[PDB]
Amino acid sequence: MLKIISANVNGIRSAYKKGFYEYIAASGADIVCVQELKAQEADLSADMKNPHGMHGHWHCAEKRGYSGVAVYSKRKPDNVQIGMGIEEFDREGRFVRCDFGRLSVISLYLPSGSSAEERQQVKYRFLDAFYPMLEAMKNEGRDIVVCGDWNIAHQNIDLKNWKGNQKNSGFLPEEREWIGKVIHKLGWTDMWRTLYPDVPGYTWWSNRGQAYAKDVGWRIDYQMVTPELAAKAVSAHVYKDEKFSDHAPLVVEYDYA
DNA sequence: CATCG
DNA sequence: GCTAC
DNA sequence: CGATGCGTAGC
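In terms of the working numbering, the first sequence opens at residue 3 and continues consecutively.
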């Protein structure tokens with residue numbers, strides 16, 4: 003029995019102030035994947051590195067209060083890879099991977115290109131560099147969960163206002179196409195959609211207007227899983243009882259040992 | 001990027 | 001206040 | 001539709 007949680011915390015410190023540290027243990031989660039630390043190794047409390055005695059591995063940005071991802075695990079990773087082998091992005095702490103034997107979990111924070119132009123460009127280049135290793139990972143012939151903030155809504159059902167957002171970063175045709183390829187041409191399972199084909203399952207809501215109240219959201223947080231493990235999926239839900247961030251934790255349970 | 005006009 | 005969101 | 005504005009965490 004295996005439970006994986008993926009959460010963009012929007013400031014690890016903010017989240018800890020909002021009750022996330024307790025959630026890490028109450029959830030029963032065996033592995034937690036976090037994005038948007040907004041912190042560097044120095045700013046990290048010991049409780050934000052080894053929560054409840056879990057192991058932990060992180061990759062922080064070369065800028066204070068920016069990006070970074072981590073994975074915490076009740077078990078000790080017999081291997082770990084920080085950064086994705088190309089510095090241009092590794093400078094932004096955007097990719098951590100952990101291998102527990104046959105299993106590999108990775109925390110990913112794909113670049114948001116909504117703020118401005120060059121950001122969109124970088125996002126595209128990131129997709130370019132990433133696709134090949136998504137493929138290689140697929141080919142590894144093992145159980146791999148790539149979870150995190152993919153910053154791309156796949157289809158109309160994946161966001162309330164699909165109509166007016168077709169010209170905004172996050173729902174452009176190219177992005178949806180990329181996702182499509184990684185799911186179909188590459189064979190990665192979008193675990194949530196595959197588990198509940200009709201439920202939207204938003205994971206994010208803009209701070210604008212009353213988006214969070216009117217449930218005007220996006221499903222931009224994924225758990226992309228390999229076929230064999232995917233099939234072993236049994237449950238999933240978006241935890242929404244407490245709010246630790248402008249994202250919500252996405253929890254998936256697999257029958258696996 | 002929800003919302004207005 | 002400023003930045004990236 | 002296309003044009004207005006705009007909350008947050010952390011420097």
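Just so it is clear, CB atoms sit at the ideal spot from N, CA and C, and this is done for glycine as well.
- A Cβ-Cβ separation of about 7 Å places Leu110 in contact with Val71 under the 8 Å criterion.
- By the 16-neighbour rule on beta-carbons within 10 angstroms, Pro251 is buried.
- Excluding residues up to 5 positions away in sequence, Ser106, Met139 and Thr228 lie with their Cβ nearer than 6 Å to the Cβ of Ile146 in the same chain.
- In the DSSP assignment, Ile88 falls outside any beta strand (DSSP E), carrying neither H nor E.
- When the Cα atoms are used, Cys35 and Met86 turn out to be separated by approximately 16 Å.
- Unbroken beta strand (DSSP E) stretches of 3 residues or longer found wholly inside the region 20 to 67: 33 to 37 and 57 to 61, given in chain order.
- Inter-segment contact for the region 217 to 232 and the region 151 to 162 is present: three or more beta-carbon pairs are separated by less than 8 Å.
- According to the DSSP secondary-structure assignment, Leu252 is paired through a beta bridge with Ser8 and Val240.
- Sequence-distant partners of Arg144 (beyond 5 residues in either direction) whose C-beta falls short of 8 Å from its own C-beta, in its chain, are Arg104, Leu105, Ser106 and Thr228.
- Looking at the DSSP output, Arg99 sits in a beta bridge with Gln83 and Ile108.
- Boundaries cannot be given for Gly115, as no alpha helix (DSSP H) includes it and DSSP labels it neither H nor E.
- Residue pairing by DSSP leaves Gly143 without any beta bridge partner.
- Non-local beta-carbon contacts of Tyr256 in its own chain, meaning distances under 6 Å to residues more than five positions away in sequence, involve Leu4, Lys234 and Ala235 in chain order.
- If you draw a straight line from the Cα of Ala131 to the Cα of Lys76, it is about 31 Å long.
- Boundaries for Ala72: no alpha helix (DSSP H) harbours it, while the beta strand (DSSP E) harbouring it runs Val71 to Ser75, taken from the DSSP string.
- In the displayed model, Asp130 falls within a helix according to three-state DSSP.
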